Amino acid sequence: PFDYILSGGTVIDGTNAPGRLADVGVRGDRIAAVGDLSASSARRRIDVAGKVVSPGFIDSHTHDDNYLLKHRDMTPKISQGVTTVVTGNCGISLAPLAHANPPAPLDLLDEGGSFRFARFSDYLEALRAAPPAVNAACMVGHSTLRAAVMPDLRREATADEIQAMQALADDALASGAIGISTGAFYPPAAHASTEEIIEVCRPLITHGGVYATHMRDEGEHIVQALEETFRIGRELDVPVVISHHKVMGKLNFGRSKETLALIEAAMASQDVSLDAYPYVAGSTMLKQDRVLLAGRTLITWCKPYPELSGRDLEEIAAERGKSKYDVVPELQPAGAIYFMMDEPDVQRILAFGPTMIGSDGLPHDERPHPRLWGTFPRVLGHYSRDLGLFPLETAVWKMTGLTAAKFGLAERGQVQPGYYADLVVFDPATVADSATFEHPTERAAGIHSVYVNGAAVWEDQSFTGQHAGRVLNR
């Protein structure tokens, strides 16, 4: 007999096909059958009439590396329907690195002495011993490797350092990491050459993972940054994933037409993927960057002046008698939200066929960007239902089947017999993001229940206590 059947709802199976009325039966951690299951014995037959049963949402872009250890409930994500998170993005991974003062933006994962894992395998073992509520597909970050190997980061790596980093990256992949990410836009890796990146990532073709990247520039020189990314993909001969695609800065508004055309052309000759979050503001370390600081900038957290969390940088700067750009150093380390994107570009990028959905939530932030709590329902409700940017089955595919395919997560992302029972039951008419910039932690509406490996993790708007997540391998 099945453990339970979710009966009477509409199944949107993750393959980009219109929903159809069908029951979903689960036995243990697997979807046992899909269709009219009235004749199948089940210990429970749960009525979900009026709801949609879809695969669990896969968060293609997270910084949940440490949150998975400190807050196993993973409420910001499971409350949105997320069942799997991809970690270690933008060259930022929690492991391998033993340092009590890692360089920004690595501090985005730190809760104080969190960087204690000398080997990537030790990190994966900690997750397996005390599993989080969601599955974790983990990448190792090139900036973390630089911090672990290089005494001085303000220069290109020597052959010896490249070899040491490559050795760590190879060990991580062998241990279960699903790829390697970079973020040369940031200080720890700004001096890294394309050659250094390519050689450190050679283990990918051997162990079979993806190369994920926060491109070197996402504004005026985004074309050069895209070309560097495509070149790396060709030299390594592995799939590349472009993180949080956007065009930033007033002088670049509208250029998503140009960037998407370049990505589409590249996809015709090499393996390219991309993800994006559904908002017009980004968030990361507070940084002296003329473009990031050009628009409205809010502080998410601040070490030297904790009381500044939630404040407007323009006001802080004015009252300190300095420009926004000049006041930054005295406030570091800190985090911020930057309003430097345009709605038309965000919509174009989201609608572009291949674009997968990633929240880019920064879970440790005192006053976070709302994407942490509202990304997936914002795509299903606001964009699909209310704006008609894409039909619901395509919105679902963009956070399930497409993502599982690009990251190589076998037997996940689709409501198919034999696949893992990572599922979401949501109300299509009411699903919606509730989090706003003013109240960034409000729980999404319309998310009835969430299952991970067959176990309910979210029910009655609360974590069930089921730590059902698993460390995944590509």
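The numbering used is simple: start at 1 and walk along the sequence shown.
For the two regions 276-284 and 170-178, the entry's Cα B-factors average higher over 170-178. With 132-140 and 317-325 compared on mean CA B-factor from the PDB entry, the stretch scoring higher is 317-325.
Take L392, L350, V223, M399 and read off each C-alpha B-factor from the entry; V223 has the highest. Note on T87, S384, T403, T206: the highest value goes to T206, judged by CA B factor as recorded. When the modelled residues of the chain are ordered by C-alpha B-factor, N453 sits in the lowest third. Among all modelled residues in its chain, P188 ranks in the middle third by Cα B-factor. Among the modelled residues of its chain, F117 has a C-alpha B-factor that falls in the highest third according to the deposited record.
Among the modelled residues of its chain, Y420 has a C-alpha B-factor that falls in the middle third, as given in the PDB entry. The deposited CA B-factor of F376 belongs to the lowest third of values across its chain.
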